[PDB]
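Let me begin by presenting the structure, written as structure tokens, before commenting on it.
In what follows, every heavy atom counts, from backbone to side chain, and hydrogens, waters and symmetry copies are set aside. A, B, ... follow the sequence lines: proteins, then strands. Residue 1 opens every chain.
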4 protein chains.
Amino acid sequence: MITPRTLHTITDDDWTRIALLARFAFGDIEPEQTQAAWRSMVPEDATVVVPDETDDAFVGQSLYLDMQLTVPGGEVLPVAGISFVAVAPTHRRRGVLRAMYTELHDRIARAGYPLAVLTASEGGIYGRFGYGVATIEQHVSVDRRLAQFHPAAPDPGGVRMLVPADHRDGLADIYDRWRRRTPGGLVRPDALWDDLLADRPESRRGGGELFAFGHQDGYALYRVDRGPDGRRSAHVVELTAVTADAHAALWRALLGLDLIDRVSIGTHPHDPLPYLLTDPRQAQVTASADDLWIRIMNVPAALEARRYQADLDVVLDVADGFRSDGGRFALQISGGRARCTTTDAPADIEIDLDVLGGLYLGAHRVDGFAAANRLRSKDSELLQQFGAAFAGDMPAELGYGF
Amino acid sequence: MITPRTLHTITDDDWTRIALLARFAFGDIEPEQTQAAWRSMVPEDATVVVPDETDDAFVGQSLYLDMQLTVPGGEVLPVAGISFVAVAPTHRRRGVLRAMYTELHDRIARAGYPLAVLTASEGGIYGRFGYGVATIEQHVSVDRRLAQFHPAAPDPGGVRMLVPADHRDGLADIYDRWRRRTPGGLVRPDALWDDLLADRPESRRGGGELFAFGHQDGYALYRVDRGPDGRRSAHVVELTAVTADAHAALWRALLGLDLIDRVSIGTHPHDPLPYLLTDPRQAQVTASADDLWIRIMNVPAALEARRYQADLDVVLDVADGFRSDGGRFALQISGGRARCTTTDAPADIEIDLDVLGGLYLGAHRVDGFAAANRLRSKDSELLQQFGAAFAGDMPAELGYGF
Amino acid sequence: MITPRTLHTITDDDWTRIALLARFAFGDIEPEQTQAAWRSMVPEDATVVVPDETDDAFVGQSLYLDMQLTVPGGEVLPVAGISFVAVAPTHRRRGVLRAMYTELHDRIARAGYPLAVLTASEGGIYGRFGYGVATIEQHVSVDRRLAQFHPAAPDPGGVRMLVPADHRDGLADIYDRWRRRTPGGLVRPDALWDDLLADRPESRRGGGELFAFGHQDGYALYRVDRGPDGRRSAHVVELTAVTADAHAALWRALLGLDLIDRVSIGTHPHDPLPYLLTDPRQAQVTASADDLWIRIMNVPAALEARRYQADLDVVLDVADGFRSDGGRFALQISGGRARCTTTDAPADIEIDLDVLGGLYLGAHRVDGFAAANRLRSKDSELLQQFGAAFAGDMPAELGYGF
Amino acid sequence: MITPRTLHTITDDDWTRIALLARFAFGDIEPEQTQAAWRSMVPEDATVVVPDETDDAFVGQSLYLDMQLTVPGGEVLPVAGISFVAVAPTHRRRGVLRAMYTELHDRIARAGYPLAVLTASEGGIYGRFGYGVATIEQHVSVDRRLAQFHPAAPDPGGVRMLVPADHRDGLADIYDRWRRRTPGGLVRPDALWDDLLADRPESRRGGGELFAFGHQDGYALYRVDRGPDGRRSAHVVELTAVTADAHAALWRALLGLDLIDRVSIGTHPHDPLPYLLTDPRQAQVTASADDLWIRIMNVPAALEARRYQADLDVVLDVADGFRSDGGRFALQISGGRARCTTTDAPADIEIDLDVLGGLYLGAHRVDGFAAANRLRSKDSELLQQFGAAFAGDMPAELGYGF
Ligand SMILES: CC(C)(COP(=O)(O)OP(=O)(O)OC[C@H]1O[C@@H](n2cnc3c(N)ncnc32)[C@H](O)[C@@H]1OP(=O)(O)O)[C@@H](O)C(=O)NCCC(=O)NCCS
Ligand SMILES: CC(C)(COP(=O)(O)OP(=O)(O)OC[C@H]1O[C@@H](n2cnc3c(N)ncnc32)[C@H](O)[C@@H]1OP(=O)(O)O)[C@@H](O)C(=O)NCCC(=O)NCCS
Ligand SMILES: CC(C)(COP(=O)(O)OP(=O)(O)OC[C@H]1O[C@@H](n2cnc3c(N)ncnc32)[C@H](O)[C@@H]1OP(=O)(O)O)[C@@H](O)C(=O)NCCC(=O)NCCS
Ligand SMILES: CC(C)(COP(=O)(O)OP(=O)(O)OC[C@H]1O[C@@H](n2cnc3c(N)ncnc32)[C@H](O)[C@@H]1OP(=O)(O)O)[C@@H](O)C(=O)NCCC(=O)NCCS
């Protein structure tokens, strides 16, 4: 049988067991300083585990991080960031995750979070729990030997070569300004900043010691990697720009790396980069995947918190097959502001809870989910209004991975 | 030393010259019947050529095809499909294309086409001539051994295994119905259908003989090829679905190909495929690039022909650095329909002509162009409205390559 | 409602349907003349099909070939060679195969075949139907620049360079002699020889026209190709050797091919080749897989037909989860000769029907099957004796693929 | 020169010389702690060297380890494990190995070892010295995303996730149980366990730090590595299972590693793994090579120490082209026990000494050696009897590399 236990706080011996299970279940684990940084974000009663039959090792674990997320319009919501989820390879597919998630989401609801959020190791896990893909990350690789900037593109200058660690406060404030105006922005505590700028050798998936370009309103952190042959590439770890000027200035700097063949980055689908070039094909998309996932815990609170770009007057029937967070709601939007209240009236639109989360930061169209029968309406004209309302003011992008 | 001449009709001897230049300039050329099918679509006075010093050969050529394009909301416009553009590698970068395009577009304008359209061999060529990227093709590969359908995805059945050459009329009608509903749709004449279905071994890149799945409301044409090892993959040449049911049923058939490891397709960004699966990541994007380019020749006609997703009342200053097809226009969109009138009033929004063409089928947000200074307004609220209006209710996809 | 239909005889029209379905199901199909050669081996009432709702096409098919298989000891048994098995991708995993196979095996049993045999497109299909892997094919690649023959190894001479198509009868007779002495040998009809020696381009696999080395007591057919780049490679299509002298002579000729880098072949696990070399590592196994599968239809007939390598006296309980061809059998083996009679007596050894087929040509140890609980006995030393008895005195190898 | 000498003991000064030559001759060398552990198993008078001109360095070396090998039937024999064999690249192919081997084997014989054993850097070296390939290692790679366990396969549970360095004694205990039951088993002293469990970075071969699955009756040690693509793979360093249940349970744990694509291991040809799966092809063999080589030093003692699977009464003439350890022997085997006595009687079977060693742990058939004239008889049925007798009841596997 499966009986999860909610740990009031995590003792050192608990973390040792959490690290061991995670390293086995995932196949590797981040360095100790990174683990400690994440652990420091877990609030009370936010760790759910399943002990082995002698109450020694954990065979299942899950926890959440106390976080703050920017939504469309600029409102910042407290959200529970699910993390360190793992079930021992010896105990998988027996309902351990489901048991753990049932308790964990009770804890999250009890604590008042209007949203839970996560990034997923695999794409087929969390839909069934009501999580929708809220942002998309695309891998873009730029051939900097061929790329040229469009004659109209800004060339504002003002970029400096920086030792990142010497500018912790400056970089953190640029990120904060970006965070406040970008849906998907997350508050990034000091511990995370310190770990990033520590730049530990283990931390390197693009090879080599951190470089940084700095601008008044943006920065880019990157690493250079050498091929067997001897061909250099740059991997942008993070590029955060508050203004279009900064974004362009930083890209001009990056594409100015003379002995570098290609520059790559994980970015959002509407990155201005290719529009800045004379030939947009030089900014090559090589992959695209889900990034931030969102489960709406409290539909009225979530829907009223964000802003919209079209008016709407509908009754939504939100289907929740995991918890009871769905039901029928009157959704009335005017002036880009929504009122969303429980109702008994017949629904105009039926929508799966995960779909509602997926649309929440403005990342998808309704017609794809509609084709899949996960969103439905007798009135296809209404569906379009709905999709148009949920569109975003600013392209969404997850501030950092967790 | 460059003087284009316009061919009133294309003689067999003229075409022999055109084929020769095309083959040299491109490095290869389609089969005879294929060429003949395209030639059959060229109207009067629609070919511009530049001969060599002794009028033995052409060292420059360009022509257009008489075509019909579906725009957002369903109006079908006559359009000039530019094709077989080539300048001898011995005469390149001397202004030969520029000279030819100048004359060709004069002809297009005199013939009354509101749009010119093309597909580009490279991405850095046509922006300067006012062409914007109007649709996007993404290469998607599905690991069919791992993909599973979402519990809600339609499973209507009704798919037959077809000899495609035996159902020319049925396939053509399905295509026609898709065409009428989908921006980017192009009328496809009998000659093209015949050539497609002839399935000639040279135009047979990426597999063996065609297979076809047929549904009342859709079809998929595909080929299978072998790895050196002996592993098989399927490449969908064309999948055309009038309804969501047909699209789903066809994908279920393709993903049921037992001995095939992967199924790939060149599709559009908003293909419902990933929404049909339990794990959307299994629909893997491996490339994304420009497909259809559009130059608006007649701003009022083009803007009034399409429907819009939001209402607007602005003055638009359209910059044309190639011809005189821009200027200031009052654009008033009301109930999703536009009146567009030349005016002297000051502008609210400045936009490069190519950008207007690129937005024309709903394929982009405004942010990229704006950041690049290719679309300009002192009111950023206004630009977002403008982008919202130009969105489409149906995802755009070019009917076929030309 | 799956109602299989048995074809009393195959009409040209039926075959047209069979070829269409096979091509869709497999991803392609062998040449018409090859199909015809297989078709010539199908006896009456040996084809079972399932029509589509329209009764136009088949959505399922299966058939068997009338064949003759050599078993350990030299006895030659009539066997039904299952082939052309396919279910339409639109109709799979609905029990169509099971329904067809149920009828087809009823037909096979009524025709009196003691064994049914097949080669499998995938390894997870036929176990559940009682088929065991009876031979193993290993891909072996020899670096002929480095390989050197052991000082003791035969160097008989006697090999000629042949135009194989000019030597059909001589080749055929060498194969026949090999067939009579090798378990797994299949009678190979003139139609198959003719098709092989026709060497139709379609089936070459990128390799060139056939070469053949000829010996009094053996032959090798091989092709050469040069993939990237200019480097040549030889793939042996078939090496059939009646004597050890011929085997060695043929290999010395193959490894004498001066401009060839590597010689490869699909052979059996106990091929003498590496034992002929000073460094056995130069004969590199790169792959290993099931080749021939056998389902014993008549346990007494099958077991009494073959000879055994040790004496035994046991009761077998053979489990058949598909038909009723198992039961308890008294197996008395004396002088390498078996009497197998059904009994009510309690069993010493319990074995799955597929396992019994798998052991039938001497290909496995009992250990793996026992660990997997597919073969069971309290007296573990009795299992070893069972294994010893079922060993062969000549390594088994499938005569040809089908 | 060549004038070898035997070190009575190895001084730190000598060992430094041995490590210098080894590094040069091999192109690299294990860490100091690893060397020390091997050095600790070298008994008296067990190192043969050839000094350079000045006697300040060696230009040739060879030594043996005092070891204990399990043979079929379970007797454990003292054996001499040859290691650190090296000749300076400046002194090679002048007969220095041969000269050293002559003295070393005199020492081995004088010390009383009935067998000498080694693993080979290349496959063509040691057969000439009377060493036969006694065990085979195959690299198997499992696609764990597709692999599924057969419905009959044991599912015993009981597997724990261990920090292997915290369970040295428990792991050693399990290995000792396995090695006593498995021909090829080798006593593994504490020094080797310590070195293995110290898991030094330079020994990890790209993979990360060790994982261990532990069971009451088995363990698996493995590492995980990433690719450029960020995909993970697991390589099993060692899987040691006393029972069938333990073996199945460990593989179930391994194939349960959710984020790993493939799990690989170097195992023996008769590993039960593919028999545990529904599709045996998912356990893909990708390589196969010699592992343990054996030279029989004392034919009567070696042949009498092991047990046999069948009875036999023949005279062997053993050909030894390197020493004089061959001759004619009366081999009488009854009740699986052999008496082997030197004799003048004429032989029924002639066998090269290396072949006798190759057959000694049950790994081969006679067919190959016979075809190569390395094993000879007029009575071909007597050869099969000889082969059946030398078969093993437990599949042989080398305990560890040395
Ligand atoms: C992912 C995870 C914890 C699953 O735990 P689990 O206990 O096996 O899951 P459950 O048994 O509760 O499964 C619940 C349901 O989700 C499904 N599911 C679980 N993991 C899945 C995966 N990786 N992909 C797809 N579906 C999955 C199950 O099939 C089941 O569906 P069903 O209800 O229709 O039967 C586990 O496999 C694991 O530890 N994996 C490694 C990845 C990881 O560490 N965690 C995720 C980081 S985001
Ligand atoms: C493409 C094409 C016909 C160009 O002809 P061309 O006569 O060299 O072009 P022009 O000299 O008139 O060039 C006009 C301008 O476009 C630019 N241009 C032309 N071809 C270009 C290309 N492939 N990429 C980028 N820019 C290009 C020139 O640099 C020039 O810029 P400028 O005005 O600032 O000087 C020619 O290169 C060709 O035939 N190549 C093969 C590709 C092809 O077959 N045609 C297009 C298939 S859609
Ligand atoms: C193999 C094929 C004919 C199966 O037909 P099907 O009608 O889908 O099979 P069924 O529905 O009767 O399946 C029966 C059982 O076999 C199982 N099976 C396992 N692996 C399988 C596989 N690759 N294909 C089909 N069934 C498989 C089914 O899951 C089912 O198991 P269950 O009873 O436990 O649920 C079909 O997949 C096909 O046409 N593939 C091309 C390859 C081929 O034809 N075989 C070559 C002959 S070797
Ligand atoms: C292996 C080793 C020490 C050879 O020393 P050597 O002094 O060159 O050998 P010899 O000259 O005494 O050669 C003896 C015989 O074996 C043969 N031989 C030696 N090395 C061989 C090899 N790598 N492959 C094939 N044959 C070889 C010789 O040709 C010679 O044959 P012959 O008697 O018929 O002429 C040496 O090559 C070396 O140091 N290699 C590096 C790794 C190593 O030693 N391996 C041991 C790991 S088990």
Side-chain angles (χ1 to χ4, degrees), chain A residues 120 122-125 127-128 133 138 140 146 148-154 243-245 247-248 269-282 284-290 309-310 352 355 364-365 367-374 380-381 383-385 387-388 391-395, chain B residues 120 122-125 127-128 133 138 140 146 148-154 241 243-245 247-248 269-282 284-290 309-310 352 355 358 364-365 367-374 376 381 384-385 387-388 391 393-395:
Chain A
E122 305 197 277
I125 306 163
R128 63 172 54 68
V133 175
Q138 309 197 321
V140 176
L146 294 180
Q148 295 196 22
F149 285 86
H150 191 277
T243 63
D245 263 7
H247 176 271
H270 298 294
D271 195 308
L273 169 59
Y275 301 93
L276 298 180
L277 312 178
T278 59
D279 174 6
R281 287 188 206 180
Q282 299 307 325
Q284 178 181 340
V285 172
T286 60
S288 187
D290 44 286
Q309 68 145 55
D352 287 351
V355 177
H364 302 263
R365 301 176 56 111
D367 54 83
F369 290 113
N373 190 26
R374 291 202 259 177
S380 65
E381 286 286 13
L383 268 189
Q384 290 296 325
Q385 287 180 6
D393 210 21
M394 334 292 293
Chain B
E122 306 186 82
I125 310 185
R128 67 180 41 84
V133 178
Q138 304 197 319
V140 176
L146 299 181
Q148 298 181 331
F149 286 86
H150 188 287
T243 65
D245 264 6
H247 173 276
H270 308 302
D271 192 318
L273 176 59
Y275 301 89
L276 298 178
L277 312 176
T278 62
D279 176 3
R281 235 185 265 177
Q282 298 299 318
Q284 167 178 339
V285 173
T286 64
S288 186
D290 51 285
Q309 293 300 284
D352 290 349
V355 174
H364 303 269
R365 293 180 55 93
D367 331 299
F369 292 118
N373 192 32
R374 300 212 251 163
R376 301 165 289 273
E381 280 288 347
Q384 286 295 311
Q385 296 177 27
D393 62 322
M394 171 94 55

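For chain B, the nearby parts of A:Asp393 are the backbone and the side chain; heavy atoms of each come within less than 4.5 Å. In this structure, the portions of B:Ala388 lying under 4.5 Å from any heavy atom of chain A include both its backbone and its side chain. With a 4.5 angstrom heavy-atom cutoff, A:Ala370 does not touch chain B via any of its atoms. Proximity to chain B (any heavy atom under 4.5 Å) is shown, for A:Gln284, by neither the backbone nor the side chain. For B:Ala120, the parts sitting under 4.5 Å from any heavy atom of chain A are the backbone and the side chain alike. Interface remark: A:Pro269 contributes no atoms to any contact with chain B (heavy atom separation under 4.5 Å).
Of the residues considered (B:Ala152, B:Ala244, B:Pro151), B:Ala152 shows the highest number of contacts with chain A, using heavy-atom pairs under 4.5 Å. Chain A forms the most heavy-atom pairs under 4.5 Å with one residue out of B:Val133, B:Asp245, B:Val355, B:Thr286, and that residue is B:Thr286. Interface summary for chain B: among A:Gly387, A:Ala153, A:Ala371, the most heavy-atom pairs under 4.5 angstrom belong to A:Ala371. Listed options B:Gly123, B:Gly127, B:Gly358, B:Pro272 were ranked by heavy-atom pairs under 4.5 angstrom with chain A; first place goes to B:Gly123.
Applying the side chain to side chain donor-acceptor pair (under 3.5 Å) test to B:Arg365 and every residue at least two apart in sequence or in another chain returns B:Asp367, B:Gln384. For B:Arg376, the salt bridge (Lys or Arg N to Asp or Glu O under 4.0 Å) test picks out B:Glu350, B:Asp352, with sequence neighbours left out.
Atom-to-atom distance recorded for B:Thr278:OG1 and A:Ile125:CD1 is 11.0 Å, nearest 0.5 angstrom. Distance NE2/A:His364 to NE2/B:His270: 11.5 Å, rounded to 0.5 Å. Atom CG of residue A:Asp279 and atom CG of residue B:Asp290 lie 7.5 Å apart, to the nearest 0.5 angstrom. A distance of 8.5 Å separates CG of A:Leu276 from CZ of B:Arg374, quoted to the nearest 0.5 Å.
Surrounding CD of A:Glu122 are more than 12 heavy atoms belonging to other residues, nucleotides or ligands, all under 6.0 Å away.
Minimum interatomic distance between B:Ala372 and A:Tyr275 (heavy atoms only, all atoms of both residues): CB-O, 3.3 Å.
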